[PDB]
Amino acid sequence: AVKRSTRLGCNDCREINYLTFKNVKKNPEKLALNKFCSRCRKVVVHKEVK
Amino acid sequence: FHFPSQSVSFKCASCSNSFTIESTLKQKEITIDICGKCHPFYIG
Amino acid sequence: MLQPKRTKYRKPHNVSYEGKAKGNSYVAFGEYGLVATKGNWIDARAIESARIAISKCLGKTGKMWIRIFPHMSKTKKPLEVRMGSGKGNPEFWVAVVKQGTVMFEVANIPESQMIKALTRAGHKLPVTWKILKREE
Amino acid sequence: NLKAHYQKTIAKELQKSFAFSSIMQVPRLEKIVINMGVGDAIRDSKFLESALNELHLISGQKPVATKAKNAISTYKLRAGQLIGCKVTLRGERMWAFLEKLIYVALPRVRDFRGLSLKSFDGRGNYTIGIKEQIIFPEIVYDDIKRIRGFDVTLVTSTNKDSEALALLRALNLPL
Amino acid sequence: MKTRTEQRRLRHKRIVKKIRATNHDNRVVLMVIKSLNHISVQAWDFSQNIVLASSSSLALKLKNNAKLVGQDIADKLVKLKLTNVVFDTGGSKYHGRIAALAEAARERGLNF
Amino acid sequence: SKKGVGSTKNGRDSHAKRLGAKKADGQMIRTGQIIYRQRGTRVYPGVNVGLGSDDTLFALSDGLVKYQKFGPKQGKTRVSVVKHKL
RNA sequence: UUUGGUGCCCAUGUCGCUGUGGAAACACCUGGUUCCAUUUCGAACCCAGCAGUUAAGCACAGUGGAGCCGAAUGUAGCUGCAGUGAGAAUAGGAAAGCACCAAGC
RNA sequence: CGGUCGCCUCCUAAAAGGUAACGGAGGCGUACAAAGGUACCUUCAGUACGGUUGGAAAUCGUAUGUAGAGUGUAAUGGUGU
RNA sequence: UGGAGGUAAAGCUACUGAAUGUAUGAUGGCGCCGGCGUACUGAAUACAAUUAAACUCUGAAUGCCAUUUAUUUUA
């Protein structure tokens, strides 16, 4: 009964693209990744959007 | 990195002897007043 | 009386004892034994009664051996209650007896003494007992 | 150089004493180990720094720590949090540490009567415990006061303790 | 607890198990064994557990380097219509003599 | 008579999901047909078979399926499929 | 045959105990400068060479000491007074077997 | 009145699978930026011997022993290169 | 004919929890001056032997999955 989902999108194409589990109390530093996108046909950096 | 000692002698002034395999480099040829050869109870 | 001290389970199922016996089909230590010709369930209190009778009629001259031990614990739901509400509570420990196996054994005492001792101990058991000699 | 001295004279000397037909059946030193017992990591004194400092000033070799491998609920210990120190060394350093131990440190013991308790385990290994904290020449005073010493081990290529004892006695080991 | 020789056999065995479990398409294997003196190569075809051919310094050639062994056996496989090989490291690392042999195999028209 | 005799304290039980033997030797099997379900690994994947993340055994190439026995005390089973050949 | 390498088989292929041998080789070995390397170190990986080696690995010959397999009969269980067949254990067995490449008989 | 209402593990369940009772026993409403992926390297726990702190038990070396070690957990199965 | 299984039974130095006698007795307690006798409790070991739904080194028949020959239904 604890909220753990977090949505991630890019900054070059601006769409919420992925969902993942992430604990705030274990990773205080904000997660960032690099993943493929379905609207620019390339791999781009992704950060969470709250 | 680490203390890089090299080939330095090893003298006993009370036994008047010199040996060397490895010793301290910062003060070459350290003097020691008691050793195994100098000690009479060491040999027996 | 003779009871185990702990078990991984508190209320196990029952066991059938039909068919021929398994294990303890022949004497091991004592010279004369008491075999059972009927399978049944015997508690440790009857075993205690048989043992004390054997000891009293024996004297500090011979020796006796018990061949079984209660490894099972049945339940008995308290009186004047309705059916259901799970299983009841345990209040005795019982050793299953299969027909054709020995219960008690004795040695090192004259023939009349051992025969009368086994006969005295036999009536305390709810099974049809029979005397037996060592197979040699 | 005691290495050449052993490889030329003592080796053949023991081969002629234990008259066999192979030169490497004659006992040889396998590895040299230095082991530090540390307990102030849980007491929060200097976090293993004392052992690392001492081992740096004794060894002509880069020190490296070791970690607990058990769940030790006595004070507080489980799976990490480096306690003790470990060094395994080879080559010329073996003879260097051997000659150091047998010429500078052990003869300087205030109450020295030899070191022998039949510490052989019967598979050809001996262990020697240097009790006092600072007794070596390369280690200078005014470092630390936490009580600890040295635990060296002489290990031979075979499992016969008598051959190892003969090798050590022929290589000037105080007994 | 090992003897420096049982370890080599053990790691060769773990690699062999990996190759046998992984394969879904059939490609012949080129096993290589490095010894104290010299090296050897063996071209094995699977699905039959048999060996086509082998090469080494025991064929009256110089010991190791020796990259010529990495070519002739390659020419052995192309004359038997085999261009899709998998390079085994045996019980060793992909480096040195092994890397030299791999480049020798690569440069004469083999695909791995 | 009436008495509040209760205290069951447990009646929970999970729904059983079927598993075990779903196919047998001697039948032609097209690819993608699951052969054996298990919680664990009691049938090692042999040749021309694949393993899914539920450790689910399935086939990749067509042919007749067969089981083989091996192991340290001969107690391990392998499933394999061979191409339809005469 | 021997002899190294490796494949499936994985104890009747195991753990040991005692002797035998190394030409070609496999290994011990000689050293860390070249590639590579240790939570550190030529211990292992890797280089470049063969002074020595039967010690060990390794292979032969024995060893039934331990570990393992287990005959025949009888019996327990079950299917319609007859088929079915266990387990424990017994007398016994076992110091692997089947292919492939290369050297040299 | 008392207890329970969803999901998971074993037995009850009678060697396909499945099967009930207010049956016997236990858990879950997560956790992981690495415990995921990959390449590479490596292998039990305990016990005994021997050595300074160091006692049953810290650490180190050796030997032994065929999993009683571990597997993010309840149980089961699986897992000794 | 092939194949999977893990119960019926059987066994408990083949683990898992229970225990029986004897040989060794650890470790204890009692008494007694680190040590000692123990009318005694006794872990671990070797020997003879026990029990199980939740123990299995091992392990049936029957039933079940499909193919083979032959018969038959058109389900």
# chains A, B, ... in the order shown; residues from 1 in each chain; ligands from 1

$ select_by_dssp --residues "range 31-93 of chain D" --states "strand (DSSP E)" --output "list in words"
residues 32, 33, 34, 35, 36, 68, 69, 70, 71, 72, 77, 78, 79, 80, 85, 86, 87, 88 and 89 of chain D

$ write_last_selection --atoms "C-alpha atoms" --output "tab-separated table (two decimals), in the first residue's frame"
chain	number	residue	atom	x	y	z
D	32	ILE	CA	54.89	-15.72	2.86
D	33	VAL	CA	51.85	-14.36	4.70
D	34	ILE	CA	51.32	-11.42	7.06
D	35	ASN	CA	48.07	-11.32	9.04
D	36	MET	CA	46.71	-8.49	11.21
D	68	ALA	CA	34.94	-10.70	7.87
D	69	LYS	CA	33.33	-13.72	6.17
D	70	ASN	CA	30.81	-14.65	8.88
D	71	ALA	CA	27.76	-13.22	10.65
D	72	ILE	CA	29.37	-12.48	14.02
D	77	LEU	CA	29.86	-8.03	12.73
D	78	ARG	CA	28.42	-9.27	9.43
D	79	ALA	CA	29.79	-9.59	5.89
D	80	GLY	CA	32.13	-6.68	5.25
D	85	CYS	CA	44.78	-7.15	7.23
D	86	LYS	CA	46.25	-9.67	4.81
D	87	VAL	CA	49.37	-9.80	2.63
D	88	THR	CA	50.66	-12.75	0.60
D	89	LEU	CA	54.08	-12.26	-1.00

$ interface_residues --of "chain D" --to "chain B" --cutoff "9 Å" --atoms "only C-alpha atoms" --output "number ranges by chain"
D: 1-2, 56-57, 59-63, 92-93, 95-97, 99-100, 102-108, 112-114, 137-138, 174

$ write_last_selection --atoms "N, CA, C and O atoms" --output "short mmCIF file (atom, residue, chain, number, x, y, z; two decimals), in the first residue's frame"
data_model
loop_
_atom_site.label_atom_id
_atom_site.label_comp_id
_atom_site.auth_asym_id
_atom_site.auth_seq_id
_atom_site.Cartn_x
_atom_site.Cartn_y
_atom_site.Cartn_z
N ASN D 1 72.69 -12.18 -0.41
CA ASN D 1 71.50 -12.79 -1.00
C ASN D 1 71.34 -14.23 -0.51
O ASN D 1 72.00 -15.14 -1.00
N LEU D 2 70.44 -14.42 0.46
CA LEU D 2 70.20 -15.75 1.00
C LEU D 2 69.50 -16.66 -0.01
O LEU D 2 69.53 -17.88 0.16
N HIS D 56 52.19 -0.92 6.22
CA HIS D 56 52.91 -0.09 5.26
C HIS D 56 54.34 0.14 5.72
O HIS D 56 55.28 0.07 4.91
N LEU D 57 54.53 0.42 7.01
CA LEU D 57 55.89 0.67 7.48
C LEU D 57 56.73 -0.59 7.66
O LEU D 57 57.96 -0.47 7.75
N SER D 59 56.21 -3.56 5.50
CA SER D 59 56.32 -4.25 4.23
C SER D 59 56.88 -3.32 3.16
O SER D 59 56.55 -2.13 3.12
N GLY D 60 57.74 -3.86 2.30
CA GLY D 60 58.12 -3.16 1.09
C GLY D 60 57.13 -3.46 -0.01
O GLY D 60 57.50 -3.61 -1.18
N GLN D 61 55.85 -3.54 0.35
CA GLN D 61 54.81 -3.97 -0.58
C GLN D 61 53.49 -3.34 -0.18
O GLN D 61 53.21 -3.13 1.00
N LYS D 62 52.68 -3.02 -1.19
CA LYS D 62 51.41 -2.34 -1.01
C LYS D 62 50.46 -3.18 -0.15
O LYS D 62 50.10 -4.30 -0.55
N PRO D 63 50.02 -2.68 0.99
CA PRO D 63 49.12 -3.44 1.86
C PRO D 63 47.72 -3.52 1.26
O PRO D 63 47.32 -2.73 0.41
N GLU D 92 61.77 -12.43 -4.06
CA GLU D 92 62.87 -11.98 -3.21
C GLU D 92 62.37 -11.50 -1.86
O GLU D 92 63.10 -11.53 -0.86
N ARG D 93 61.12 -11.03 -1.81
CA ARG D 93 60.56 -10.57 -0.55
C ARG D 93 60.46 -11.70 0.48
O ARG D 93 60.53 -11.43 1.68
N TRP D 95 62.74 -14.17 1.01
CA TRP D 95 64.04 -14.20 1.67
C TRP D 95 64.31 -12.92 2.45
O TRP D 95 64.96 -12.96 3.50
N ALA D 96 63.82 -11.78 1.95
CA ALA D 96 64.00 -10.53 2.67
C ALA D 96 63.33 -10.58 4.04
O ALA D 96 63.96 -10.26 5.06
N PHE D 97 62.07 -10.99 4.08
CA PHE D 97 61.37 -11.08 5.35
C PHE D 97 61.96 -12.17 6.23
O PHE D 97 62.01 -12.02 7.45
N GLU D 99 65.22 -13.15 6.37
CA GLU D 99 66.45 -12.64 6.98
C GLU D 99 66.14 -11.54 7.99
O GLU D 99 66.80 -11.44 9.03
N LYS D 100 65.13 -10.70 7.71
CA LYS D 100 64.72 -9.70 8.68
C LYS D 100 64.29 -10.36 9.99
O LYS D 100 64.80 -10.02 11.06
N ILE D 102 64.95 -13.29 11.15
CA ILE D 102 65.98 -14.08 11.81
C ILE D 102 67.23 -13.29 12.17
O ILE D 102 68.15 -13.87 12.77
N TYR D 103 67.32 -12.01 11.82
CA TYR D 103 68.51 -11.23 12.17
C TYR D 103 68.23 -9.92 12.91
O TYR D 103 69.14 -9.41 13.56
N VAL D 104 67.02 -9.36 12.82
CA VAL D 104 66.83 -8.04 13.41
C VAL D 104 65.80 -8.05 14.54
O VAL D 104 66.00 -7.39 15.56
N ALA D 105 64.71 -8.80 14.37
CA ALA D 105 63.58 -8.69 15.29
C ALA D 105 63.62 -9.72 16.41
O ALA D 105 63.63 -9.35 17.59
N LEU D 106 63.62 -11.00 16.07
CA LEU D 106 63.59 -12.04 17.09
C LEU D 106 64.79 -12.00 18.03
O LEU D 106 64.60 -12.20 19.24
N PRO D 107 66.03 -11.76 17.57
CA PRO D 107 67.15 -11.67 18.52
C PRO D 107 67.06 -10.46 19.46
O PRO D 107 67.83 -10.37 20.41
N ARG D 108 66.13 -9.54 19.20
CA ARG D 108 65.95 -8.36 20.04
C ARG D 108 64.85 -8.55 21.09
O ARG D 108 64.48 -7.58 21.76
N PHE D 112 64.02 -13.86 25.35
CA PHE D 112 64.09 -14.79 24.23
C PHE D 112 64.67 -16.12 24.69
O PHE D 112 65.75 -16.17 25.28
N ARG D 113 63.93 -17.20 24.42
CA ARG D 113 64.37 -18.54 24.77
C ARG D 113 64.17 -19.51 23.61
O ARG D 113 64.04 -20.72 23.85
N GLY D 114 64.14 -19.02 22.38
CA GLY D 114 63.74 -19.83 21.25
C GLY D 114 62.23 -19.85 21.10
O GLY D 114 61.47 -19.45 21.98
N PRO D 137 62.85 -2.87 12.36
CA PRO D 137 63.61 -1.63 12.17
C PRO D 137 62.91 -0.62 11.27
O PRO D 137 63.00 0.59 11.50
N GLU D 138 62.22 -1.10 10.24
CA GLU D 138 61.54 -0.22 9.30
C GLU D 138 60.33 0.48 9.90
O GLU D 138 59.82 1.43 9.29
N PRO D 174 65.81 -19.53 14.42
CA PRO D 174 65.93 -19.78 15.87
C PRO D 174 64.86 -20.72 16.39
O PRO D 174 63.66 -20.47 16.19
#

$ residues_around --residues "residue 84 in chain F" --least-positions-apart "3" --cutoff "8 Å" --atoms "only C-alpha atoms (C1' of nucleotides)" --output "JSON, numbers by chain"
{"F": [62, 63, 64]}

$ closest_atom_pairs --of "chain E" --to "chain F" --cutoff "10 Å" --atoms "only C-alpha atoms" --output "tab-separated table"
residue	atom	partner	partner_atom	distance
E:20	CA	F:47	CA	8.6
E:21	CA	F:46	CA	7.7
E:22	CA	F:47	CA	9.7
E:23	CA	F:48	CA	8.9
E:24	CA	F:48	CA	6.9
E:25	CA	F:48	CA	9.5

$ write_last_selection --atoms "N, CA and C atoms" --output "PDB file, in the first residue's frame"
ATOM      1  N   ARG E  20      27.671 -25.885 -25.930  1.00  0.00           N
ATOM      2  CA  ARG E  20      26.670 -26.903 -26.240  1.00  0.00           C
ATOM      3  C   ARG E  20      25.257 -26.495 -25.850  1.00  0.00           C
ATOM      4  N   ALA E  21      25.077 -25.772 -24.748  1.00  0.00           N
ATOM      5  CA  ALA E  21      23.732 -25.358 -24.371  1.00  0.00           C
ATOM      6  C   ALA E  21      23.243 -24.158 -25.169  1.00  0.00           C
ATOM      7  N   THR E  22      24.156 -23.298 -25.623  1.00  0.00           N
ATOM      8  CA  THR E  22      23.751 -22.041 -26.243  1.00  0.00           C
ATOM      9  C   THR E  22      23.294 -22.237 -27.685  1.00  0.00           C
ATOM     10  N   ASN E  23      23.948 -23.134 -28.421  1.00  0.00           N
ATOM     11  CA  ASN E  23      23.771 -23.187 -29.868  1.00  0.00           C
ATOM     12  C   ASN E  23      22.350 -23.559 -30.262  1.00  0.00           C
ATOM     13  N   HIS E  24      21.777 -22.739 -31.145  1.00  0.00           N
ATOM     14  CA  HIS E  24      20.550 -23.062 -31.852  1.00  0.00           C
ATOM     15  C   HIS E  24      20.765 -23.244 -33.346  1.00  0.00           C
ATOM     16  N   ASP E  25      21.819 -22.653 -33.903  1.00  0.00           N
ATOM     17  CA  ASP E  25      22.250 -22.896 -35.268  1.00  0.00           C
ATOM     18  C   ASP E  25      23.586 -23.623 -35.218  1.00  0.00           C
TER      19      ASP E  25
END

$ residues_around --residues "range 69-83 of chain E" --least-positions-apart "4" --cutoff "7 Å" --atoms "only C-alpha atoms (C1' of nucleotides)" --output "list in words"
residues 54, 55, 56, 101, 104, 105, 108, 110 and 111 of chain E

$ write_last_selection --atoms "C-alpha atoms" --output "PDB file, in the first residue's frame"
ATOM      1  CA  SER E  54      44.076 -30.753 -36.283  1.00  0.00           C
ATOM      2  CA  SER E  55      47.343 -28.821 -36.369  1.00  0.00           C
ATOM      3  CA  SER E  56      50.141 -28.015 -33.937  1.00  0.00           C
ATOM      4  CA  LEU E 101      45.692 -17.474 -33.667  1.00  0.00           C
ATOM      5  CA  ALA E 104      45.385 -15.560 -38.182  1.00  0.00           C
ATOM      6  CA  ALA E 105      42.047 -17.346 -38.605  1.00  0.00           C
ATOM      7  CA  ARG E 108      42.371 -15.834 -44.198  1.00  0.00           C
ATOM      8  CA  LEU E 110      36.818 -17.202 -41.860  1.00  0.00           C
ATOM      9  CA  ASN E 111      33.692 -15.833 -40.192  1.00  0.00           C
TER      10      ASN E 111
END

$ interface_residues --of "chain C" --to "chain I" --cutoff "7 Å" --atoms "only C-alpha atoms (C1' of nucleotides)" --output "short mmCIF file (atom, residue, chain, number, x, y, z; two decimals) with N, CA and C atoms, in the first residue's frame"
data_model
loop_
_atom_site.label_atom_id
_atom_site.label_comp_id
_atom_site.auth_asym_id
_atom_site.auth_seq_id
_atom_site.Cartn_x
_atom_site.Cartn_y
_atom_site.Cartn_z
N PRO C 4 7.12 -38.59 24.34
CA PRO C 4 8.11 -37.74 23.69
C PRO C 4 7.97 -36.30 24.17
N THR C 7 7.64 -32.33 19.12
CA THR C 7 7.32 -32.87 17.81
C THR C 7 7.08 -31.70 16.87
N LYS C 8 7.45 -31.89 15.60
CA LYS C 8 7.25 -30.89 14.56
C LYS C 8 5.77 -30.65 14.26
N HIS C 13 -2.66 -37.19 11.75
CA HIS C 13 -3.75 -38.09 11.41
C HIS C 13 -3.59 -39.42 12.13
N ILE C 66 11.57 -53.33 26.44
CA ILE C 66 10.34 -52.87 25.79
C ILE C 66 10.66 -52.60 24.33
N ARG C 67 9.82 -53.11 23.43
CA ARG C 67 10.14 -53.09 22.01
C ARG C 67 9.52 -51.93 21.25
N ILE C 68 8.51 -51.26 21.81
CA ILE C 68 7.81 -50.18 21.12
C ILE C 68 7.79 -48.95 22.02
N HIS C 71 4.78 -42.97 19.47
CA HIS C 71 5.25 -41.88 18.62
C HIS C 71 4.11 -41.03 18.06
#

$ select_by_dssp --residues "range 1-126 of chain C" --states "helix (DSSP H, G or I)" --output "ChimeraX atom specification"
/C:44-58,111-122

$ write_last_selection --atoms "N, CA, C and O atoms" --output "short mmCIF file (atom, residue, chain, number, x, y, z; two decimals), in the first residue's frame"
data_model
loop_
_atom_site.label_atom_id
_atom_site.label_comp_id
_atom_site.auth_asym_id
_atom_site.auth_seq_id
_atom_site.Cartn_x
_atom_site.Cartn_y
_atom_site.Cartn_z
N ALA C 44 0.43 -45.43 26.80
CA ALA C 44 1.61 -45.67 27.62
C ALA C 44 1.28 -46.08 29.05
O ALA C 44 2.16 -46.61 29.74
N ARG C 45 0.05 -45.87 29.51
CA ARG C 45 -0.33 -46.24 30.87
C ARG C 45 -0.41 -47.75 31.02
O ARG C 45 0.02 -48.31 32.04
N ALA C 46 -0.97 -48.44 30.02
CA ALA C 46 -0.96 -49.90 30.04
C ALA C 46 0.46 -50.44 29.97
O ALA C 46 0.78 -51.45 30.61
N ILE C 47 1.33 -49.78 29.20
CA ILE C 47 2.74 -50.17 29.15
C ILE C 47 3.37 -50.03 30.53
O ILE C 47 4.14 -50.89 30.97
N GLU C 48 3.06 -48.93 31.23
CA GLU C 48 3.57 -48.74 32.58
C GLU C 48 3.08 -49.83 33.52
O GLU C 48 3.84 -50.33 34.36
N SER C 49 1.80 -50.18 33.43
CA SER C 49 1.25 -51.24 34.28
C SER C 49 1.95 -52.56 34.01
O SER C 49 2.33 -53.28 34.95
N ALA C 50 2.14 -52.90 32.74
CA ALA C 50 2.84 -54.13 32.40
C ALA C 50 4.27 -54.11 32.92
O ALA C 50 4.77 -55.11 33.45
N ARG C 51 4.95 -52.97 32.78
CA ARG C 51 6.34 -52.87 33.23
C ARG C 51 6.45 -53.02 34.74
O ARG C 51 7.35 -53.71 35.23
N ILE C 52 5.55 -52.39 35.50
CA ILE C 52 5.63 -52.49 36.95
C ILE C 52 5.29 -53.90 37.41
O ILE C 52 5.90 -54.42 38.35
N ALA C 53 4.33 -54.55 36.75
CA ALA C 53 4.04 -55.94 37.07
C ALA C 53 5.24 -56.83 36.79
O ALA C 53 5.60 -57.70 37.60
N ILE C 54 5.90 -56.62 35.65
CA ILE C 54 7.07 -57.40 35.29
C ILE C 54 8.18 -57.20 36.32
O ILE C 54 8.82 -58.16 36.76
N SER C 55 8.42 -55.95 36.71
CA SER C 55 9.48 -55.66 37.66
C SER C 55 9.18 -56.27 39.03
O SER C 55 10.07 -56.83 39.67
N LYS C 56 7.93 -56.16 39.48
CA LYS C 56 7.58 -56.69 40.80
C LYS C 56 7.67 -58.21 40.82
O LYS C 56 8.17 -58.79 41.80
N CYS C 57 7.21 -58.88 39.76
CA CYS C 57 7.31 -60.33 39.71
C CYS C 57 8.69 -60.81 39.31
O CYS C 57 8.96 -62.02 39.37
N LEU C 58 9.58 -59.90 38.91
CA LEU C 58 10.89 -60.29 38.39
C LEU C 58 11.94 -60.33 39.50
O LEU C 58 12.63 -61.34 39.66
N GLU C 111 12.48 -70.49 34.20
CA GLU C 111 11.43 -70.55 33.18
C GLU C 111 10.05 -70.23 33.76
O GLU C 111 9.27 -69.49 33.15
N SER C 112 9.73 -70.79 34.93
CA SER C 112 8.43 -70.54 35.52
C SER C 112 8.25 -69.07 35.85
O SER C 112 7.17 -68.50 35.61
N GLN C 113 9.29 -68.43 36.38
CA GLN C 113 9.22 -67.02 36.73
C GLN C 113 8.94 -66.15 35.50
O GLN C 113 8.03 -65.31 35.52
N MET C 114 9.69 -66.35 34.42
CA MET C 114 9.50 -65.54 33.23
C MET C 114 8.15 -65.81 32.58
O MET C 114 7.47 -64.89 32.12
N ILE C 115 7.72 -67.08 32.57
CA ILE C 115 6.43 -67.41 31.98
C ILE C 115 5.30 -66.72 32.75
O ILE C 115 4.42 -66.09 32.15
N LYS C 116 5.33 -66.81 34.09
CA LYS C 116 4.27 -66.17 34.85
C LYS C 116 4.34 -64.65 34.73
O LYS C 116 3.31 -63.98 34.70
N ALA C 117 5.55 -64.09 34.64
CA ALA C 117 5.68 -62.64 34.49
C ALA C 117 5.05 -62.17 33.18
O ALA C 117 4.28 -61.19 33.16
N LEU C 118 5.35 -62.85 32.08
CA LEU C 118 4.76 -62.47 30.80
C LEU C 118 3.25 -62.67 30.80
O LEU C 118 2.51 -61.86 30.23
N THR C 119 2.76 -63.74 31.43
CA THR C 119 1.31 -63.94 31.48
C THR C 119 0.64 -62.85 32.30
O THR C 119 -0.44 -62.36 31.94
N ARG C 120 1.26 -62.44 33.41
CA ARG C 120 0.73 -61.34 34.21
C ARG C 120 0.71 -60.04 33.44
O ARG C 120 -0.26 -59.27 33.55
N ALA C 121 1.75 -59.77 32.65
CA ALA C 121 1.81 -58.54 31.86
C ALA C 121 0.87 -58.57 30.66
O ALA C 121 0.45 -57.51 30.18
N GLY C 122 0.55 -59.76 30.15
CA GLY C 122 -0.27 -59.89 28.97
C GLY C 122 -1.71 -59.42 29.13
O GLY C 122 -2.26 -58.77 28.24
#

$ closest_residue --among "G:28, G:46, G:86, G:8" --to "chain F" --atoms "only C-alpha atoms (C1' of nucleotides)"
G:8

$ interface_residues --of "chain F" --to "chain I" --cutoff "8 Å" --atoms "only C-alpha atoms (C1' of nucleotides)" --output "ChimeraX atom specification"
/F:21-27,67

$ write_last_selection --atoms "N, CA, C and O atoms" --output "mmCIF file, in the first residue's frame"
data_model
loop_
_atom_site.group_PDB
_atom_site.id
_atom_site.type_symbol
_atom_site.label_atom_id
_atom_site.label_comp_id
_atom_site.auth_asym_id
_atom_site.auth_seq_id
_atom_site.Cartn_x
_atom_site.Cartn_y
_atom_site.Cartn_z
ATOM 1 N N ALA F 21 3.264 -33.180 -16.381
ATOM 2 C CA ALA F 21 3.396 -33.739 -17.718
ATOM 3 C C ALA F 21 2.241 -33.284 -18.601
ATOM 4 O O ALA F 21 1.078 -33.601 -18.333
ATOM 5 N N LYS F 22 2.568 -32.539 -19.656
ATOM 6 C CA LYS F 22 1.583 -32.109 -20.636
ATOM 7 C C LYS F 22 1.747 -32.780 -21.990
ATOM 8 O O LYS F 22 0.833 -32.691 -22.818
ATOM 9 N N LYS F 23 2.874 -33.444 -22.241
ATOM 10 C CA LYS F 23 3.096 -34.177 -23.478
ATOM 11 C C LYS F 23 3.897 -35.431 -23.154
ATOM 12 O O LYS F 23 4.363 -35.621 -22.027
ATOM 13 N N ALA F 24 4.054 -36.293 -24.155
ATOM 14 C CA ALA F 24 4.762 -37.550 -23.974
ATOM 15 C C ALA F 24 5.491 -37.900 -25.262
ATOM 16 O O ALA F 24 5.247 -37.314 -26.318
ATOM 17 N N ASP F 25 6.399 -38.867 -25.157
ATOM 18 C CA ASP F 25 7.182 -39.286 -26.309
ATOM 19 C C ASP F 25 6.300 -39.973 -27.343
ATOM 20 O O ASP F 25 5.335 -40.662 -27.005
ATOM 21 N N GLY F 26 6.641 -39.782 -28.615
ATOM 22 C CA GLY F 26 5.974 -40.460 -29.712
ATOM 23 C C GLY F 26 4.970 -39.623 -30.475
ATOM 24 O O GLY F 26 4.351 -40.142 -31.417
ATOM 25 N N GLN F 27 4.768 -38.358 -30.124
ATOM 26 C CA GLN F 27 3.825 -37.491 -30.816
ATOM 27 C C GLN F 27 4.579 -36.378 -31.526
ATOM 28 O O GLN F 27 5.493 -35.779 -30.952
ATOM 29 N N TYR F 67 12.451 -38.703 -23.996
ATOM 30 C CA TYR F 67 13.103 -38.465 -22.721
ATOM 31 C C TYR F 67 14.314 -39.379 -22.570
ATOM 32 O O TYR F 67 14.340 -40.515 -23.053
#

$ residues_around --residues "residue 77 in chain C" --least-positions-apart "4" --cutoff "10 Å" --atoms "only C-alpha atoms (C1' of nucleotides)" --output "PyMOL selection string"
chain C and resi 81-84+86-91

$ closest_atom_pairs --of "chain G" --to "chain E" --cutoff "12 Å" --atoms "only C-alpha atoms (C1' of nucleotides)" --output "tab-separated table"
residue	atom	partner	partner_atom	distance
G:4	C1'	E:35	CA	10.9
G:5	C1'	E:33	CA	7.8
G:6	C1'	E:31	CA	8.9
G:7	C1'	E:49	CA	5.9
G:8	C1'	E:49	CA	8.0
G:24	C1'	E:58	CA	9.0
G:25	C1'	E:58	CA	8.7
G:26	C1'	E:35	CA	7.7
G:27	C1'	E:36	CA	7.6
G:28	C1'	E:36	CA	10.4
G:29	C1'	E:36	CA	10.5
G:34	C1'	E:96	CA	11.9
G:35	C1'	E:96	CA	6.4
G:36	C1'	E:95	CA	7.4
G:37	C1'	E:93	CA	11.6
G:43	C1'	E:4	CA	10.7
G:44	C1'	E:4	CA	7.3
G:45	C1'	E:93	CA	7.6
G:46	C1'	E:96	CA	7.4
G:47	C1'	E:96	CA	7.7
G:48	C1'	E:64	CA	8.6
G:49	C1'	E:37	CA	8.9
G:50	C1'	E:37	CA	8.9
G:56	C1'	E:3	CA	9.9
G:57	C1'	E:3	CA	7.3
G:58	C1'	E:5	CA	10.5
G:99	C1'	E:50	CA	7.7
G:100	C1'	E:50	CA	5.4
G:101	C1'	E:54	CA	6.0
G:102	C1'	E:58	CA	7.4
G:103	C1'	E:58	CA	7.2
G:104	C1'	E:58	CA	11.5

$ residues_around --residues "range 18-28 of chain A" --least-positions-apart "2" --cutoff "6 Å" --atoms "only C-alpha atoms (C1' of nucleotides)" --output "PyMOL selection string"
chain A and resi 4-8

$ write_last_selection --atoms "N, CA and C atoms" --output "compact mmCIF listing (two decimals), in the first residue's frame"
# COMPACT_ATOMS: atom_id res chain seq x y z
N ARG A 4 5.01 3.54 -5.48
CA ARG A 4 6.36 3.31 -5.96
C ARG A 4 6.56 3.60 -7.44
N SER A 5 5.50 3.78 -8.22
CA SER A 5 5.64 4.02 -9.65
C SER A 5 6.20 5.41 -9.92
N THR A 6 6.98 5.51 -11.00
CA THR A 6 7.52 6.79 -11.43
C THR A 6 7.63 6.76 -12.95
N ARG A 7 7.24 7.88 -13.56
CA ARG A 7 7.17 8.02 -15.01
C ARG A 7 8.38 8.79 -15.52
N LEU A 8 8.96 8.31 -16.61
CA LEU A 8 10.18 8.87 -17.19
C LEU A 8 9.92 9.27 -18.64

$ interface_residues --of "chain E" --to "chain H" --cutoff "9 Å" --atoms "only C-alpha atoms (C1' of nucleotides)" --output "ChimeraX atom specification"
/E:10-11,13-14

$ residues_around --residues "residue 52 in chain G" --least-positions-apart "5" --cutoff "12 Å" --atoms "only C-alpha atoms (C1' of nucleotides)" --output "PyMOL selection string"
(chain D and resi 21-24) or (chain G and resi 28-30)

$ closest_atom_pairs --of "chain G" --to "chain F" --cutoff "12 Å" --atoms "only C-alpha atoms (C1' of nucleotides)" --output "tab-separated table"
residue	atom	partner	partner_atom	distance
G:8	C1'	F:70	CA	11.2
G:9	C1'	F:70	CA	8.9
G:10	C1'	F:72	CA	6.2
G:11	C1'	F:72	CA	8.4
G:13	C1'	F:72	CA	11.7
G:14	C1'	F:72	CA	11.8
G:68	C1'	F:73	CA	10.8
G:69	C1'	F:73	CA	11.6
